[PDB]
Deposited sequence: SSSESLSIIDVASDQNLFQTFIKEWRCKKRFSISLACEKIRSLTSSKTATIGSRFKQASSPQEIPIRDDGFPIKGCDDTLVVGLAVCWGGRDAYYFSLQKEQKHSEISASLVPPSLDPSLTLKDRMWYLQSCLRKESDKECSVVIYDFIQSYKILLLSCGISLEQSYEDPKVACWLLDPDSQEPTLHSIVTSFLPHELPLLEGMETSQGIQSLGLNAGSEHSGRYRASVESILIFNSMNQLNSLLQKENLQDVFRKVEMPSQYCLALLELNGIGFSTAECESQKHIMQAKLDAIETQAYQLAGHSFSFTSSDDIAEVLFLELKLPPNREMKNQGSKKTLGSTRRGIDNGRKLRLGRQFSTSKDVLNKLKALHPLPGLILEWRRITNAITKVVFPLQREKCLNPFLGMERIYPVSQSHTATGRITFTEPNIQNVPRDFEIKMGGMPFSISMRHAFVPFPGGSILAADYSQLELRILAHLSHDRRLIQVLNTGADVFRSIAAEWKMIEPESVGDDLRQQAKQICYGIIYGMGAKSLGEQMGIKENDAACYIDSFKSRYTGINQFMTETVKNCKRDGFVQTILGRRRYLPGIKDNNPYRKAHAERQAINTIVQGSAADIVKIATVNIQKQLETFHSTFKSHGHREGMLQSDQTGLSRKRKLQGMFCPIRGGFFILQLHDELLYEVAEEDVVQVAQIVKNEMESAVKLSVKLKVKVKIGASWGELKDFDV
């Protein structure tokens, strides 16, 4: 039967619980948050509505130990157990002793780590296990887990416990989700039991699949690094953003007024229908789609398609970048600056990390706006600044996916190119546009980058035609030349597709499996799509494994030389100048740190050394380090 032991109701029961807890090598916790320094719990940073009122502990069976964190107001609180005494015993059981292997199971580890630090002033110091991450590791293409989906798949006999608990079918922790009529006590107690028992089953499945090493040494440590990043946030200038906005908005106004005079009437730039009516019916341009590729052809024939393309580019920077950044910005009173606090997302097909609310990975590259024949540089990245005195440090792998592909295909031609050869995208752009390397613009080098990765990951003649501006037949010849020049690669493509068809999956460098049952499908599209996913998942997934290992190994090093706080949050949660390096952003093959002026040399050495040593391949992992007063103004830095 489900039982909730209120450990704080009696001094004697409390000490028995504390003695037992201190013996445990494994337990689950769940935080109890409810809607309303207070007597009834700890406010949460970012919600004036919700309190941490307690937490539940489970170490077996259907017994939840509910540990109240309320001063006053289940049987009542034994008044000899002061809140200060409880917080002592809580910090004591949640921090490691020397040579003691201890694992805590937490649904949504990152959100719980942050609330414990910022709300209760407690820093977890044990090995962590999140059942959400274990689910991902067993099937990366599975839908994002909820407590309901985990219990459905791995603990189905306990589904009755979730009856009438509709919020269990949302992403957020049952304990953390105060948008329920059920008490935090009940929610946290149920969660603690479901998560402890679920994680036993998930651990057996990880062991069967041989993913337990990956889970404990890479994925959960990677989640800890991402928790520090989410506590850190990224510095933001609103002045820089506003001045860019005003230039962009002036260009949008001129574009609209010129578009409407060419069209003869107002039209919505957001309606494909309206644009199609104007381009194809009312001006009779030859094709009805209004995609980038269509308008890119037509801009040679009439000014309006080009105006449409520029309108969408600039509207994107204003409505999808400026508006969300200026809405999500938050004063940090300690650092004395505005910051943005994006949320990491690790549930991806290939093991990349992305961000939401907002997705800072999608902040535009620098681009140019001309008005009255005068150019203005729009660098949205220039709004992302370090704390006063600090620098942004970026360290990026040179052609990580190409180096991994060389290693796995042993392709002698690709190895030569990487070992000496200058920029491969410049070589492609030069041959293509009848030029020498030096003339290539940013936009053209990106077009050549798209062509090179496109061809490698199974792009067809029809599409390569559009990108290169040549006939399908010409593109098909170019594919043949590539396939002939790099045979190793082509053998590895066919050997990866053969092995996938047989097994129903592919594996990355660390052993993670992606299931591609489309590989057997009779439909030509679905089959070809799966074959392309098969090849791309191995290379892109392997690269994502290397960057995670690098991230984890850098964080260990930073914390040894750490005569200082491991995140900006660790100073908020604490309640003396800033020293060290703070993980602020991941960009797939690139890590950004915010670094104190004094420490930039040492942090740059650590970051480069650890990224170059992450794994041993047939080829050297080359790393470029850059540094600057903004993400937009980074300069090469020889380390």
What portions of the deposited sequence, indexed from 1, have no corresponding C-alpha atom in the structure?
1-4, 41-65, 103-112, 327-357, 646-662
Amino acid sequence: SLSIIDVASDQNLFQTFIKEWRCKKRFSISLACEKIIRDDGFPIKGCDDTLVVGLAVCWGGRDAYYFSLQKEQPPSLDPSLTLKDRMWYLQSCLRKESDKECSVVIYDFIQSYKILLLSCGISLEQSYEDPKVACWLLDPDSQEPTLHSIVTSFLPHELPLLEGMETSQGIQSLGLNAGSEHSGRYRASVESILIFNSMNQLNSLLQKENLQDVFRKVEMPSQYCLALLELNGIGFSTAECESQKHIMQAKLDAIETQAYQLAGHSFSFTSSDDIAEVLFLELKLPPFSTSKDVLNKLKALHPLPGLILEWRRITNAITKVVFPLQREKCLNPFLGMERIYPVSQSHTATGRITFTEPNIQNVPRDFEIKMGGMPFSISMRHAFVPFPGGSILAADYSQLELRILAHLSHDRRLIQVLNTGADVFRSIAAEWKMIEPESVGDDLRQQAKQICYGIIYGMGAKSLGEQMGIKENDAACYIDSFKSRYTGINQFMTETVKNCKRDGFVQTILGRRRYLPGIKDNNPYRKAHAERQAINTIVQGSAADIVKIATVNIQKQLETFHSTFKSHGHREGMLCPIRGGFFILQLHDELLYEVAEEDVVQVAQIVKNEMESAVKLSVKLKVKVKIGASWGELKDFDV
From here on, numbers count along this sequence of modelled residues.
Compare the mean C-alpha B-factor of 241-249 with that of 477-485 as given in the PDB entry, and name the stretch with the higher value.
477-485
Which has higher Cα B-factors on average according to the PDB entry: 425-433 or 360-368?
425-433
Check the PDB entry and point out which of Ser563, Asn203, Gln223, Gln557 has the largest C-alpha temperature factor.
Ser563
Looking at the C-alpha B-factor values in the deposited entry, which of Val595, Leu31, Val57, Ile36 comes out highest?
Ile36
Please place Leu617 in the lowest, middle or highest third of its chain by C-alpha B factor as given in the entry.
highest
Please rank the C-alpha B-factors of the chain's modelled residues and tell me whether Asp49 sits in the lowest, middle or highest third.
highest
Looking at the entry's B-factor column for C-alpha atoms only, identify whether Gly336 ranks in the lowest, middle or highest third of its chain.
highest
Among modelled residues of the same chain, the CA temperature factor third for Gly469:
middle
Would you mind ranking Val603 by its C-alpha B-factor against the rest of the chain and naming the third, lowest, middle or highest?
middle
